[PDB]
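*Asks:* One structure, pasted below without further comment.
Here, each number is a calculation from the coordinates, and none is a lab measurement.
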Amino acid sequence: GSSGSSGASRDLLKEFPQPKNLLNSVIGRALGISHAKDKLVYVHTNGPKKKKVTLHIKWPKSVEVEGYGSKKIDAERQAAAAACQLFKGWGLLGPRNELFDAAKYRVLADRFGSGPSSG
C-alpha cells in the first residue's frame, strides 16, 4: 500500500453498525464468549466535554482503541467499531464480515502471539 496515515475521516460505524455484537462474536468464536469478556476491556474517562472509552483488546494481539460519543453507549459503540477495522484487515472477519471456523481462528491468533499454551 502507498497511503496509510492515522485518522479516519469517514464514519467507521457505516461499515460496522453493531460493533458490540460483531466484535464480541469474533473473539467469542475463536476463544469463547465467556473468555472474550476479559479479552475486550472498556475504560471510561472523565474531564473532556464528551465522554471517551478506551477499548483495551488482547486477542488476537494486545491493542487498544478510543471511542467517542454523547452517551455511554454512544462512546462504547465507537471504540468497538474502531477495532472492527483491525479485525477485518488482519483477516479475522473478511471482505463481507464473514467469520471463519474455530480451527482457523486458533491459527490466526497464533501468528499474532503464542500465550502459555503450546497448542
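*Asks:* Once the Cα gyration tensor of segment 18-111 is diagonalised, what are the square roots of 5 times its eigenvalues, in whole Å and ordered largest first, as equivalent ellipsoid semi-axes?
*Replies:* Details: eigenvalues 124, 31, 23 Å².
In descending order, the three semi-axes are 25, 13, 11 Å.
*Asks:* A further question on this structure: Can you give the relative contact order of segment 21-77 as a percent, counting alpha carbon pairs under 8 Å and 6+ residues apart? Numbers along the way, then the final one.
*Replies:* Values: 84 pairs, mean separation 13.2, N = 57.
Relative contact order for segment 21-77 comes out at 23 percent.
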